[PDB]
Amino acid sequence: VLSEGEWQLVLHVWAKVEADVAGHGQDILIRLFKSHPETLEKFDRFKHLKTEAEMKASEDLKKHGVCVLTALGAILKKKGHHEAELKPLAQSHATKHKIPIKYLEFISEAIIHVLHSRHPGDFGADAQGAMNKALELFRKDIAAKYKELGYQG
């Protein structure tokens, strides 16, 4: 469980993310695919993109980035009260996309990397700690919902 102060640090940096959702989304997905290339194999629409420049030019990848950060933003703003938001995401990611928790660890590392790169003055040790805790909570809760659906990834 995060403290109220921890949630405030998470939502303070998230407001900065919301000034440019699409640009954050692009940077996060590109960082994920660069750091952990096996994650790109999960994306039929995107696995054909071969360079960073093709990735940045893809309207499709940019729209996807917005849909990822919009879902994650809605979950974070519930401060842990996220069952109704998390359940459909678990359903699709367990049963259709088949995304293991280790891949959610990879995208969480990418989120932290981009937030630190873009907003270091609003993302110091205590804010990084808080965001790490919020994303650990997200991964714990989605793993439980994965298992309810019969997915052990």
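The numbering used is simple: start at 1 and walk along the sequence shown.
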property: Stretch exceeding the other in mean C-alpha B-factor - 37-45, 60-68; result: 37-45
property: Greater mean Cα temperature factor according to the PDB record, 86-94 or 49-57; result: 49-57
property: Chain-relative CA temperature factor third for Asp122; result: highest
property: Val114 - Cα temperature factor, lowest/middle/highest third of chain; result: lowest
property: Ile107 - which third its CA temperature factor falls in, relative to the rest of the chain; result: lowest
property: Among modelled residues of the same chain, the CA temperature factor third for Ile28; result: lowest
